[PDB]
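Just below is one structure, and these are the notes that go with it.
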Amino acid sequence: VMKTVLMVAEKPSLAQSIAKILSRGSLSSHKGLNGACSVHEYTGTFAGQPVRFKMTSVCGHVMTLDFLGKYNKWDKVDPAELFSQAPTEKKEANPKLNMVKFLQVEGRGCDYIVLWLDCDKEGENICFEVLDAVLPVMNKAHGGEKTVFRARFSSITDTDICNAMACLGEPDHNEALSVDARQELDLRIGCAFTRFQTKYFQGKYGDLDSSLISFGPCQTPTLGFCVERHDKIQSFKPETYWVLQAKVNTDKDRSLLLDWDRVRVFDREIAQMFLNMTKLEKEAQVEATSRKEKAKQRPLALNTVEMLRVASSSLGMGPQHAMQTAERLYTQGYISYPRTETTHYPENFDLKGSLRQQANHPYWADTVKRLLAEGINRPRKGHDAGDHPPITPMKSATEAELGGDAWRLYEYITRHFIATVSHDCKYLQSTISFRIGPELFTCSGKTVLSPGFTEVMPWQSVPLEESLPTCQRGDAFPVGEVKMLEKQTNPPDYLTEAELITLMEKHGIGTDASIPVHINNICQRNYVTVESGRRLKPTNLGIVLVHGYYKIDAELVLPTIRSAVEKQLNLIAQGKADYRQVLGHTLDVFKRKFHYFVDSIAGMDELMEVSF
Amino acid sequence: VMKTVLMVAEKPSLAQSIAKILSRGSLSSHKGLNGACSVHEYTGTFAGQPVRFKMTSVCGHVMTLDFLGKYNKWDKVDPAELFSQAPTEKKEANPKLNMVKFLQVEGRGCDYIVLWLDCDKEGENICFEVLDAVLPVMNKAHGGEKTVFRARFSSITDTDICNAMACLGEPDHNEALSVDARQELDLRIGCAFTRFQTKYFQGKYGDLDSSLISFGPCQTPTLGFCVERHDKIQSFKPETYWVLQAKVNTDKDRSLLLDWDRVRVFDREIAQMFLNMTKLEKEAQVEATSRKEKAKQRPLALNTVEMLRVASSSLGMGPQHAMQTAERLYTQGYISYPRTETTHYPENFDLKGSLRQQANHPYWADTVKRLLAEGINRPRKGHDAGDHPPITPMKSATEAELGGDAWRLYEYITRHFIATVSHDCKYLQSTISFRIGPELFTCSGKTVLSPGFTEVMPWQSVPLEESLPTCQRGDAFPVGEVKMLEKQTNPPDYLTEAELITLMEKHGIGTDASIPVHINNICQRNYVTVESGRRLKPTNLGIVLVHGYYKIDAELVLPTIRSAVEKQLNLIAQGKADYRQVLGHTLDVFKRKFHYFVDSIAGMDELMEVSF
Amino acid sequence: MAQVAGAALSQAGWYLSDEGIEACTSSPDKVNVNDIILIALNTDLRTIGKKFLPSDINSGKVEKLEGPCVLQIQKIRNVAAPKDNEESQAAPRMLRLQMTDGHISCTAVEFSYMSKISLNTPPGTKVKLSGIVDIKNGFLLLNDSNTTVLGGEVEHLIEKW
Amino acid sequence: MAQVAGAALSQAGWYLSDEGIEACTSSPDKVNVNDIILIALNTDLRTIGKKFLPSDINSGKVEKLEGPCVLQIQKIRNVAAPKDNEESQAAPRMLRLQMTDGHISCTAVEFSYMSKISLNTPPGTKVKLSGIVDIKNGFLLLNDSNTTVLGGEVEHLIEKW
DNA sequence: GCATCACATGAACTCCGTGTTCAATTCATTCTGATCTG
DNA sequence: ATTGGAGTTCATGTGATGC
DNA sequence: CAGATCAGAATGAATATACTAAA
Ligand SMILES: [Mn+2]
């Protein structure tokens, strides 16, 4: 008899593709009763029987077990709650989408149920959570035949899905239970540490009560991987090595040094041997010279953070007095509000008039006058934050108006706003290579051709050097003098967010695409800061937190411990014990260590007495 | 012992204001059992008895009008039966307010009632609704004296409201049942036409799925405005200009460009002959010199329509967003009532006091202090309409408490007010006319003498240009080169939001608060999509549907039916006709139109299929 | 006498064919200058205008016109205004007139401001060009002292359309 | 024995000692040239081989080395990398290799970047020098024309971490 | 066929600063491909 | 024209059932 | 025979029934 069978997935494009493969007639479309991702239907034959194929793809994934118990409360709750005293059940979260209409559609009745969601552990979790809701509302399970059918497609592949259509079956069990068990473990641990950081870490400090410590199973190891580099920097262990130096003779007027293309070597004798091979120079060769063209980019609109950074640099003086000047300036009033977080320059702003009010102070001069003349180019597009328009001067002043450091600051803003409109600084980066012995040394230099914004901010200007005498390949260009040198430094180069990414997959904690959101979480929690050059230097709160961790309880850091718990909750596939013991023994050993951690809040309290 | 008098205001804020003046500081305030509007009680006198006054504020429309729920099933009957076979009732709008139950629970025993709603139209509905709600509530009219009193206050000022409670009146049912008529007629027309259209056009054309087709008294004209604009833009025949240009120098390094009195000629060979007679010369003589001065007009008070216009044009904000931001600023207690029409300031309004409060914001500290010296100039004698006072800032606010849309909309609100009471800008225009052959050429220029409101509103400032050098009769300036120019007739651009307001207010399509809603309505239904520059471009679906009305029956789209229906209902408002019978006459003619539209719809389908 | 009347009309500018003069008249009877002027003014110029222009008018060889002459204007358009906005006042008015003689149509550009003839001028109206006529590039330039429209009625082929 | 033993030895240069031959698996009348090396590719050359290298390689008296020879690796390091970190692109990779024959170890520096030996290779991997090799003072230069990798295990631990 | 009753449910009344993960469509930007000539 | 939100319990519409 | 000169893929902001009108 003409029955009905419903199929569940989660992607609209994948839904369209599977409809296309299922009928090749595009089915027919019903407007999404769920409010999104309209559904399709056909008159097909699943097992050769006449069945209305009604197919849908859910718009998301209901999640958030959370608590489902008011016993969550706040500070006035039993601490044992965060250890084990929590009646745990899942909620129909994010109803801002709906999922009530999803349940209604899954209701009514279907002869058979086909599940085609994501082919992973999370997808199986969604599949089972959908299953335990669709079975209570389906018509009936009459007969010994099963009503659940799962495909085995790997990704978007026509032949793979074609054979997976025949490759039917029942979804494997306990993977969803593994993953959701991992989620409740994250719930309990994070809630526990947040509750007791709100209890003890704030310590009624007044100033630090506003700040929040957002602990997680991976947040602390990520902070540790942000801070250990600073720790090795404090180690400050220097190094020793050698540098080969040589000179290719000029026209007897100028000088032409080289750079030893095999840059740097850590030895005592191999460098001496190379010197032995490079101490009888008689002739050189011009094997290759290169001359490219790359343009330095115009600056952006100034932020409060950038202003503070350059003012601590540049003229150079502390943030507190910088903010003091900011205010006095807003007062005699020469600048807009000094708490900007945008780089948009909204179109309402009168660029022409603003640039027009500066017709004095010969420091900016006929240069800005001709910039007023002809055409001005559009500034760089930035980001809209909705705080207030960026920093910009009004009704410019002179030497005798402000004076001192306030005048210096105003000079900075004035120069930067002049720079905000200009042409890019073009230059030719030339390099010529000299071939001697088993070596192919190379020297490089830059020659500016268009100053542009270089005319307004010398402190950001390309350095001046003599242009290298470009010549044809294979010229003689003999040698002058050669030398063996030494140079060394600190442990350099506090690495950046790219190296954070690399080490983050290296240790192996995180998920497919949540690395940026963890980074954003750990930075808004005021543990690290963003510095120029994409630097990720930590802050006082982060460093004291990691130091307090290390001093007494490194187990909670143990950057391999998260991978260890992950692998022991991955080994729970196949025949094994119950989740109850696995969670309970682990959490109870952590909570005993954590009880005497609370008994030893000392370490952190001395860290506070030291640094706050 | 004492009696009780109940009074309700239309708006909560005006309610507390009335309480402030009435009780002269004897407030007994407490929030009512709704969480929306509080209740203020005090003691006083009324017709010579010491009595107690309780006053509340209905939060808007007490009730709205809708048909029977059965006919709201969208499939019970054909919409034609809606004309004269659909009984219609009134329901309490916004049940979340629970206004009907609030007025039911509060009002028992209130022997006398005085009513303080707005005296214009659209308030009589509310007053009679409140009256009919409260009549079954009080302690019965045992006393032969009537208890229904109406307060007729013209302007919201202290002395005016003093006279208001000095002398009261009685409402006007005859003109109440005119706005009643207009509301019901609009309701039936919409609920018939829109329903029939959305049922038909989506019947077979599948692309019209998941969309709503609308028709009515205001939506159709506000679409047709942009439609006619697009039709004129498309139907255009480009042509070419011919202008002669003259170039001269005065002494050295000075370039002057002359202008032809005959600004353009539409013929190639005639322009060539004009050039032929012109080029054979080398000298130019001054004939007429001018030293005439003019003045620029300072703006009126910021009306609601003008505020919306400037917010759209300069700030790049949609009308709905602007209205919402204004409402937020109003409810936070910064600026006084957003939706107002009156222009003239109250005579007894303390203009000086408002300017005094806003004197510490650095952006104006120099200009506000100077203006306070010579005394505020009298405001322009504009127009009055008996509505609420115009928009003005009420108390100072630095940027700290304000954000984005804040220093945006609020910044214009204040700058408009300082300019309102400021002086005017004095500028000098000098025109010098030269003789080139038999023809006449002249140059025009302007200069600043003493800026007025231009020192507070930068965008409305006189442009700066080089002043013409002084000239004396009888000199022959050296003549440079000439050059004829070929130009083209620029077609009109897409309609801007500012021009739509002109086309709205002048024809009176909507009310003060209806304009932002309708513009949002037409944009939301995918009829017209906004683009860069806040211009409105009609969609393909919009263009095809509207054109059919033009060729079928223009009596449903021309921007005059709204004026006609409004002008034909005021006769009922003055009681010059019969209320019952006029509605039938209006219903009867529209009934014929609905049948014709059904009959004359086939041709529109032919127009529809061209697009799809 | 006949040649005396012809010379009088020549001094008035009027140049007509003989066949024109006995065609315009209601009868070959005693005639006076006023009646012959009015009766020819009633008639169309196409059949009554003799060869009184020296030709070569379109080209630039011609340079000026002396003496009293008689012409007509057939169509008038404002070359100083666009076509879509036919009644725009963005510029001072400056017309061009299609001036005919019964043999050729030339262009007379209005060089001086004038009000006694407007855009809605009855077409085919009679004009006199006594004295000085400035023909610059073969095209005529109007003036307020020589170019004088005398009025007239002709069979209205235009009906404004 | 005799000629066939000499030919088998000289074919690969794996100059195994008599004691190593008798200690390892060399079954008489089972194989002569093939399986001996086939199983020797995983045998301790350090203990089974003789010092066919000169007496004073590190002294510098010997200049040039010729003939195909096969040796093991003991300590291979990038001479242009710090002690803490060994893998980076901050400088061209110059490999320093402690190169073992069995009695007299030596060390070779790699000139040409070769993608056959990594910094993680297990010690004892067979490397065959084939051609002319030059030592400067106490270190021998390498090139792709000289070194050929074969692979093997020295029967040791991981000697790491 | 009809009066009844208990159950679901919507609404009126009253009392009281958590990890993880996405997340369902198509901008203007931003870092990857074809072609004469010293 | 533009307002606090959550849990409880009670009145009511209605579907299921018995007479 | 690839700079100077014009063209594609990754990055990344985007929303969806209820009817009209109007406080
Ligand atoms: Mn109102």
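Brief remarks follow.
- Residue within segment A:519-530 that is basic (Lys, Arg), under 28 Å from residue A:429 (Cα atoms) and in a loop (DSSP other than H, G, I, E, B) present: no
- Residue identified as more than 16 Å from residue A:228 (Cα to Cα) and touching a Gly at 6+ places or on another chain (Cβ under 6 Å) among A:465, A:486, A:531, A:505: A:465
- Looking only at segment B:144-198, and only at residues there that are part of a loop (DSSP other than H, G, I, E, B) and touching a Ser or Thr at 6+ places or on another chain (Cβ under 9 Å), the one that is farthest from residue B:592 (Cα to Cα): B:156
- Looking only at segment B:131-143, and only at residues there that are hydrophobic (A, V, I, L, M, F, W, C) and in a loop (DSSP other than H, G, I, E, B), the one that is nearest to the chain's Cα centre (by Cα): B:135
- Exclusive hit being within 9 Å of DNA strand G (Cβ to nearest atom) and under 28 Å from the mean Cα position of the chain (by Cα), set B:153, B:215, B:225: B:215
- Residue B:578 being free of Cβ contacts under 8 Å to residues at least 24 places away in the same chain and in contact with a helix residue (DSSP H, G or I) (Cβ under 9 Å, 6 or more places away or on another chain): yes
- So residue A:147, is it of a type in the set (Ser, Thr, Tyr), surrounded by 12 or more Cβ atoms within 10 Å (Cβ to Cβ) and within 12 Å of DNA strand E (Cβ to nearest atom): no
- Candidate set from segment A:255-294 (those that are within 12 Å of residue A:479 (Cβ to Cβ) and crowded, with 17+ Cβ neighbours inside 10 Å); member that is nearest to the other protein chains (Cβ to nearest Cβ): A:278
- Look at segment B:107-126: where a residue is without any contact (Cβ under 8 Å) to a residue 60 or more places away in the chain and a partner is away from DNA strand F (no atom under 13 Å from the Cβ) and assigned to a loop (DSSP other than H, G, I, E, B), sitting 6+ places away or on another chain with Cβ atoms under 6 Å, you get B:108/B:137.
- Qualifying residue in segment D:68-77 (condition: assigned to a loop (DSSP other than H, G, I, E, B) and more than 8 Å from chain A (Cβ to nearest Cβ)): yes
- Those residues of segment B:102-130 which are assigned to a helix (DSSP H, G or I) and either surrounded by 16 or more Cβ atoms within 10 Å (Cβ to Cβ) or touching a helix residue (DSSP H, G or I) at 6+ places or on another chain (Cβ under 8 Å) (or both), in sequence order: B:102, B:103, B:104, B:124, B:125, B:126, B:127, B:128, B:129, B:130
- Considering each residue of segment B:504-523 in turn, at least one proves to be acidic (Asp, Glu), surrounded by 13 or more Cβ atoms within 10 Å (Cβ to Cβ) and assigned by TED's automatic domain parsing to the domain that holds residue B:182.
- Residues satisfying the stated conditions in segment C:63-80, i.e. more than 18 Å from the chain's Cα centre (by Cα) and surrounded by 17 or more Cβ atoms within 10 Å (Cβ to Cβ): C:79, C:80
- Scanning segment D:81-97 for residues that are acidic (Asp, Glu) and either more than 9 Å from every other protein chain (Cβ to nearest Cβ) or crowded, with 20+ Cβ neighbours inside 10 Å (or both) yields a total of 2.
- Residue check, residue D:118 loosely packed, with under 12 Cβ neighbours inside 10 Å, away from every other protein chain (no Cβ under 14 Å) and either β-branched (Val, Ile, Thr) or within 22 Å of residue A:263 (Cα to Cα) (or both): yes
- The single condition among (1) more than 30 Å from residue A:183 (Cα to Cα); (2) more than 16 Å from DNA strand F (Cβ to nearest atom); (3) without any contact (Cβ under 8 Å) to a residue 40 or more places away in the chain that residue A:52 does not satisfy is (3).
- Inclusion of residue D:51 among residues that are closer than 18 Å to residue D:128 by Cα and out of contact with any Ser or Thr (no Cβ under 7 Å at 6 or more places or on another chain) is warranted.
- Among the residues of segment B:15-29, those identified as surrounded by fewer than 19 Cβ atoms within 10 Å (Cβ to Cβ) and within 13 Å of DNA strand F (Cβ to nearest atom) are B:16, B:17.
- Restricting segment A:341-364 to residues that are farther than 30 Å from residue B:311 by Cα and exposed (fewer than 13 other Cβ atoms within 10 Å of the Cβ), the residue that is nearest to the other protein chains (Cβ to nearest Cβ): A:359
- Taken over segment D:132-147, the criterion of being more than 9 Å from chain A (Cβ to nearest Cβ), assigned to a loop (DSSP other than H, G, I, E, B) and without any contact (Cβ under 8 Å) to a residue 60 or more places away in the chain is satisfied by D:143, D:144, D:145, D:146.
- Screening A:250, A:240, A:222 for residues that are surrounded by fewer than 16 Cβ atoms within 10 Å (Cβ to Cβ), more than 13 Å from chain D (Cβ to nearest Cβ) and in contact (Cβ under 8 Å) with a residue 40 or more places away in the chain leaves exactly one candidate, A:250.
- Selection count, segment B:306-332, where residues are part of a helix (DSSP H, G or I), more than 16 Å from the ligand (Cβ to nearest atom), within 20 Å of residue B:521 (Cβ to Cβ) and of a type outside the set (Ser, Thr, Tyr): 8
- From the options C:28, C:54, residue that is within 16 Å of the chain's Cα centre (by Cα) and loosely packed, with under 12 Cβ neighbours inside 10 Å: C:54
Basis: the model, the stated rules and, where named, an outside source; no laboratory read-out is quoted. Neighbour counts run over all protein chains shown; Cβ positions are idealised from the backbone, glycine included.
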